[PDB]
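Chains A and B, in that order, are what the protein sequence lines are. Take the position in the first sequence, starting the count at 1, then add 1; the result is the number in the entry's author numbering. Take the position in the second sequence, starting the count at 1, then add 2; the result is the number in the entry's author numbering. All residues carry an ideal CB built from backbone N, CA and C; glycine is no exception. I have placed the structure first, in the form of structure tokens, so that the comments after it can refer back to it.
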Amino acid sequence: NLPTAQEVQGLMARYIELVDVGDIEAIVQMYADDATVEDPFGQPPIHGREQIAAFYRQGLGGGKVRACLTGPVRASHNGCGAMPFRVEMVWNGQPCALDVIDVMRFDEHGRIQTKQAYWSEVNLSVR
Amino acid sequence: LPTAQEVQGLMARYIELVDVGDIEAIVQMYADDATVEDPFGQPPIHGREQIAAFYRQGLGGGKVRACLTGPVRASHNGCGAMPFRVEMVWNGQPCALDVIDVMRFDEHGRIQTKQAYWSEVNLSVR
Ligand SMILES: C[C@]12CCc3c(ccc4cc(O)ccc34)[C@@H]1CCC2=O
Ligand SMILES: C[C@]12CCc3c(ccc4cc(O)ccc34)[C@@H]1CCC2=O
């Protein structure tokens, strides 16, 4: 069914846990088959599980990425939510952190129909 | 179109105005045809008087407080998203509400759309 607000919080928290462990195929299964991803928001959307899988493989497949919520998931009553988090990876061969906000809309099957990831280089820190 | 750094400044200024409760200054931040969806999932509000009435009803008691809970996330196409918390008293129960605002600005630096993500799951009693 279309996720309630509590169900949205649970799904978006699970998504972060899958990012953190690097489980590309489980992430892709969270998306609807024809989902759209804009990441970073402002760039051309990518469409569909094949393209989304390739995107997450390029992003997470090389060198350790960690991710964690930095505050609660904010959920709506129409199957949408937004969440703040941080990702830690390597940049310039050194540890770096990136602050992100993800906005997601879910479909009536509980799958991610759209994701917009808000971030730019103003959100990238080091040291 | 505001740069990502300008977006950070503007969205943080918006929170500052909400926290002091200056309705007129908040409304002046919006573009002529702006839309407000707050909470996201509700029908959009159009119109300067309508946006002013909305902030009057929300903040008109002077006691609402608001602070960023993390940095503004800003794009290169004049949009941004920010996490914050609002504190207020609801029929005698002191409460706090976690919110994320997503904003799109125009080429004059004014808010064209605001979408406020929150619901009752984000409400707490302090
Ligand atoms: C891909 C990324 C790691 C993961 C990640 C980045 C940016 C936005 C994201 C949004 C997500 O919903 C999940 C993961 C990321 C990073 C940007 C650079 C980088 O290394
Ligand atoms: C209106 C409100 C106070 C302020 C506020 C609420 C919800 C979303 C907001 C979004 C904003 O960008 C600025 C202020 C609010 C509150 C919900 C209940 C309440 O008292």
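Q. Quick one: is the Cβ of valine 101(A) within less than 7 Å of any heavy atom of ligand 1?
A. At least one heavy atom of ligand 1 is nearer than 7 Å to the Cβ of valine 101(A), so yes.
Q. Ends of the beta strand (DSSP E) at residue 2(B)?
A. Residue 2(B) lies beyond the stretch modelled for chain B, which goes from 3 to 128, so this question has no answer here.
Q | Where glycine 111(A) meets chain B, residues with beta-carbon distance less than 7 Å | A | Within chain B, no residue comes near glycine 111(A); the closest Cβ sits about 17 Å away, beyond 7 Å.
Q | Opening and closing residue of the beta strand (DSSP E) in which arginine 128(B) lies | A | In the DSSP annotation of this structure, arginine 128(B) is not part of any beta strand (DSSP E), being labelled neither H nor E.
Q: Would you kindly report the start and end of the unbroken beta strand (DSSP E) that includes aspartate 103(B)?
A: Residues 95-107.
Q. For the beta strand (DSSP E) that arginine 67(B) lies in, which residues bound it at each end?
A. For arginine 67(B), the enclosing beta strand (DSSP E) starts and ends at 67-70.
**Q.** Inter-stretch contact at 8 Å, needing at least 3 Cβ pairs: the segment 59-74 of chain A / the segment 44-59 of chain B
**A.** Contact between the segment 59-74 of chain A and the segment 44-59 of chain B is absent, because fewer than three Cβ pairs lie under 8 Å.
Q. Hey, is the segment 113-125 of chain B in contact with the segment 3-10 of chain A, meaning 3+ C-beta pairs nearer than 8 Å?
A. Between the segment 113-125 of chain B and the segment 3-10 of chain A there are three or more C-beta pairs closer than 8 Å, enough to call the two in contact.
Q.
Any contact between the segment 93-102 of chain A and the segment 106-117 of chain B? By contact I mean 3 or more CB pairs, one from each, below 8 Å.
A. Taking a contact to require three or more Cβ pairs closer than 8 Å, the segment 93-102 of chain A and the segment 106-117 of chain B do not qualify as touching.
(Q) Using a Cβ-Cβ cutoff of less than 6 Å, which residues in the same chain neighbour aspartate 34(A) once the five nearest sequence positions on both sides are dropped? (A) Excluding positions up to five away in sequence, the list reads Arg50.
Q: Give the range of the alpha helix (DSSP H) segment to which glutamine 59(B) is assigned.
A: Note, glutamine 59(B): alpha helix (DSSP H), 50-61.
Q.
Using DSSP's beta-bridge definition, name the partner residues of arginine 15(B).
A. Its beta-bridge partners do not exist; DSSP assigns none.
Q. For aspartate 34(B), does the three-state DSSP call read helix, strand or coil?
A. In the displayed model, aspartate 34(B) falls within a strand according to three-state DSSP.
Q | 8 Å Cβ cutoff met for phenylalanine 86(A) and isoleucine 17(A) | A | It is a contact, given that the beta carbons lie within the stated cut-off.
**Q.** One or two residues paired with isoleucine 25(B) in a DSSP bridge
**A.** Within the DSSP secondary-structure output, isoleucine 25(B) pairs in no beta bridge.
(Q) What residue range does the beta strand (DSSP E) around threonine 115(B) cover? (A) Looking at the DSSP string, the run of the beta strand (DSSP E) that includes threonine 115(B) is 113-119.
Q) If you measure beta-carbon to beta-carbon, which residues of the segment 33-55 of chain B are closer than 9 Å to chain A? A) Residues are counted here when their Cβ sits less than 9 Å from a Cβ of chain A; for the segment 33-55 of chain B these are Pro41, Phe42, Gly43, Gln44, given in chain order.
Q. What in chain A is Cβ-close to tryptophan 92(B), meaning under 7 Å?
A. Ordered by position in chain A, no residue passes the 7 Å Cβ test against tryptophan 92(B), which lies about 18 Å from the chain.
Q. With 16 as the cutoff for other CB atoms within 10 Å, does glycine 82(A) come out buried or exposed?
A. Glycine 82(A) comes out buried.
Q. Can you list, in chain order, the residues of the segment 69-80 of chain B whose Cβ is nearer than 7 Å to any Cβ on chain A?
A. Cβ contacts with chain A: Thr71, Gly72, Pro73, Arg75, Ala76, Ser77, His78, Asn79.
Q: Please indicate yes or no: does the CB of residue 1(A) lie closer than 7 Å to some heavy atom of ligand 2?
A: In this structure chain A extends from 2 to 128, so residue 1(A) is not present and cannot be described.
(Q) Closest to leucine 70(A) by C-alpha separation, out of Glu39(A), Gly64(A), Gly60(A), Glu89(A), would be which residue? (A) For the residues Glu39(A), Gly64(A), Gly60(A), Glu89(A), the minimum Cα distance to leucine 70(A) belongs to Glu89(A).
(Q) Tell me the rounded alpha-carbon separation between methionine 105(A) and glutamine 59(A). (A) If I take the Cα positions, the gap works out to 21 Å.
Q.
Taking 7 Å as the cut-off, is the C-beta of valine 74(B) nearer than that to any heavy atom in ligand 2?
A. Using a cutoff of 7 Å, the CB of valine 74(B) does not count as near ligand 2, since none of the ligand's heavy atoms is closer than that.
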